[PDB]
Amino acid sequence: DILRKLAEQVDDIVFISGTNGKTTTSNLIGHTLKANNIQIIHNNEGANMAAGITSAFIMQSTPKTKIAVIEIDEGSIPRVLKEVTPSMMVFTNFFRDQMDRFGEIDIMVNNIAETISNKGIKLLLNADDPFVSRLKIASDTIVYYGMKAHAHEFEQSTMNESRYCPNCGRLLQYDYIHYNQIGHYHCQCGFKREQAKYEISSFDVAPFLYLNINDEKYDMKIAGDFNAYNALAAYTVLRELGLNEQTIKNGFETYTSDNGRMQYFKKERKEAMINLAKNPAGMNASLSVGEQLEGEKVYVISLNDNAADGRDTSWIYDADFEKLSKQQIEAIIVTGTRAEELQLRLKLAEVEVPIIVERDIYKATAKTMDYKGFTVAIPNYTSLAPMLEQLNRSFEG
């Protein structure tokens, strides 16, 4: 009612929507703006609907906030736009659930288009998603971002179904497919994979994202093949906000997650990272992150046997601990209620490095700050909470 008056005080409002990648993109945009000492209004993952976004503007509105960066559930777009009009809007992707009523995506995309029709909103659309580029009919200022062909080989064929053209209903011809419906499409009705304004030429994850966006290198501190599109969507928003290529490069190279999944830490020249592992598959993945890191490493491996973890620690002998002999390691710190199981596992793995047993998770995690190497923290589930708290305590710059 009288609440929209807060939205008129801010000059630029950015909406982030889509089925996957809303939080990562929204955090990347907000973190880069906050790193540039720009006062912004920002919401969280647990408040991207009507009532959550409304509360966000009230608690954070100051005379200094000039940019509003908020993520929004695509189902809440018609209700929110009845009271808020943003300057630009970015869409990541749209994915049908395996068990989703036939055409659920098509109806939803049409419901969003009729709401955002006209209104002079700058639409930042993913050129590789055909159902996202369908929104080009709802505005006149369209900015396309995408990924060049053969830029990266994704783990694909998760869904190999046939998608229809959102403009005429015919089968979409694909010149190149990244994964699922994301790719380079061209229909002779005119609807095609449009030319991208900001395009990723190549990238890799070893062990973090290293992006090549318009002939510029970006050494980020987040992982995941699918986060490359989420970072580019953030790059598109920040470029349209006036930030040059160097300002975005500063904020992107320092952002990281905060849930213990490939989370990065740094204090002066001390580098550390934490990644959960609770099964043989996750353990082999966390150990393979160390081989891709430069210089010597120092490990902290935690193994609890609580109810949430299970009382059977047999799975640690199915993981490949023998691969640690191929890495330069100062010492390995084992912790948890079953720390001696890890020490015996490493002894049988013939890992001939100094092993230190400290059953307390807090004292063992803080013990890595005494070493100059890259700390690799590998806890199981119930060990994640105490280990992550200690790392946040040991890294305060």
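The first residue of the shown sequence is 1; numbering continues from there.
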property: Mean Cα B-factor comparison, 55 to 63 or 353 to 361, giving the higher one as deposited; result: 55 to 63
property: Higher-scoring stretch by recorded Cα B factor average, 256 to 264 or 93 to 101; result: 93 to 101
property: Top Cα B factor in the deposited entry, candidates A233, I121, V205, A285; result: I121
property: Selection from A113, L276, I222, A281 [criterion: highest C-alpha temperature factor in the record]; result: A113
property: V237 - Cα temperature factor, lowest/middle/highest third of chain; result: middle
property: Ranked against its chain, the third holding the CA B-factor of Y144; result: middle
property: For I16, the third of its chain into which the C-alpha B factor falls; result: middle
property: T337 - Cα temperature factor, lowest/middle/highest third of chain; result: lowest
property: Cα B factor band for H42 (lowest, middle or highest third within the chain); result: highest
